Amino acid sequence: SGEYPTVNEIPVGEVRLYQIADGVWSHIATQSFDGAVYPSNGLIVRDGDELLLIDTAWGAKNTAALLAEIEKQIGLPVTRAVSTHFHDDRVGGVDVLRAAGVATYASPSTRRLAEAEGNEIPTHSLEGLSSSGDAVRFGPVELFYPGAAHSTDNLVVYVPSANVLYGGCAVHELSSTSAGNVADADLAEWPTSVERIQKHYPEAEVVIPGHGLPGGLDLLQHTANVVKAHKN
């Protein structure tokens, strides 16, 4: 009923959308992993009379449910998707997307890692993102590679028309007390990569983490603080 969705308010097997700004939504779904249940976020950005999707809904059935929710709530076709790193909360569902007519994209680094992991693999490679600080345009967004953080391949996404920064899993929500799933992380570089984001996007108004509640620019500093304390 208008608050940001959580596991407790998403019916089983479902997806919810949340309007962030004009022509910008997040998508929220839940998944089980290793016997625990987690929420995750992605992004939807209006691209004229089409939509750009950022990240899957963490699984094939969740991603089918995401497409249905988009049809119900927005009614414009999803024509392209970008996955922001190789984990299953970002690429799990890419095969569903690909069979629904969506063109799927990721950096070459993400594609290699996904393949090596046994995860679903986006079709198209995003060049121009291999060095930290690199940025490229993709429809209505900018894609930015901040350096290694949550993963070596993590990308962030900026929506310039709305000053929305989608941090993905490199950015944590303000209630977080730990650095989340750090299996593939670079704890030592992560603060430096966050500082690069802070420097590049000083006008961000909304910051969306890969998991949990959006907020403002303070999510960036909080993330650096939690990572440094996990490493300590």
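Heads up: residue numbers just count along the shown sequence, starting at 1. Between two forms, the rigid core is the largest collection of C-alphas that superpose within 1.5 Å.
K.L.:
Between 210 to 218 and 10 to 18, which one shows the bigger average Cα displacement from this form in 9 other deposited structures of this protein once the rigid core is aligned?
P.N.:
The answer is 10 to 18, which departs more from the shown form in 9 other deposited structures of this protein.
K.L.:
Going by the average Cα B-factor in the PDB entry, point out whether 70 to 78 or 103 to 111 comes out higher.
P.N.:
If you average the C-alpha B-factors of 70 to 78 and of 103 to 111, the larger mean comes out for 70 to 78.
K.L.:
Comparing 116 to 124 with 81 to 89, where is the mean C-alpha B-factor higher?
P.N.:
Taking the mean B-factor of the alpha carbons in each, 116 to 124 is higher.
K.L.:
Determine which member of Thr177, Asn62, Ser40, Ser32 has the highest CA B-factor, using the values in the deposited entry.
P.N.:
The record points to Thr177.
K.L.:
From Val141, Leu155, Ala162, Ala149, which pick has the Cα B-factor that tops the rest in the entry?
P.N.:
Most elevated C-alpha B-factor of the set, per the entry: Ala162.
K.L.:
So where's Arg46 on the chain's Cα temperature factor ranking, which third?
P.N.:
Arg46: CA B-factor falls in the middle third of its chain.
K.L.:
Using the temperature factors of the C-alpha atoms in this entry, rank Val24 within its chain: lowest, middle or highest third.
P.N.:
Lowest third of the chain for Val24's C-alpha B-factor.
K.L.:
Would the CA B-factor of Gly212 place it in the lowest, middle or highest third of its chain?
P.N.:
Middle third, going by the recorded CA B-factors of the chain.
K.L.:
Looking at the C-alpha B-factor of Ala36, is it in the lowest, middle or highest third of its chain?
P.N.:
Tercile = middle for this residue's CA B-factor.
K.L.:
Among the modelled residues of this chain, does the Cα B factor of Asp55 put it in the lowest, middle or highest third?
P.N.:
Answer is lowest: the recorded C-alpha B-factor places it there.
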